[PDB]
């Protein structure tokens, strides 16, 4: 079997590492991002609260990226075509990746979408956030994990 079968997300403890390819073909490994805050967002193109908040994230991203915060938007296993088209129409600049198999979703215990996790520079999960957030709200979270 695999040890990751029994990996577990705990508030105030190290995030379950994962490895995905983003839509620009680039490798993301969560552990590689130690030194940065990470806003880990689980989403979908059909989820209206996800759709409405993602422009907000997009307007916040340049601001917080320089400050060493990464946004990783994990899509809930839709097609490459459905997702590339969504990202395209919105002009998203932050990393987007499809969680093939919904594996990472399972590891993270995600049900309702959208769900976000705040991961700080140590790679510790500090907060789990459920439901659509406002731009003001999102910026708050992003400040909370600025390195």
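Numbering follows the first chain given and starts at 1.
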request  = Select between 19-27 and 6-14 the stretch whose C-alpha atoms have the higher average B-factor in the entry.
outcome  = 6-14
task = With reference to the PDB entry, specify whether the mean Cα temperature factor is higher for 90-98 or for 42-50.
result = 42-50
query = At the C-alpha atoms, which of 80, 70, 59, 120 reaches the highest B-factor in this entry?
reply = 80
key: Third of the chain's Cα B-factor distribution that residue 103 belongs to, per the entry   = highest
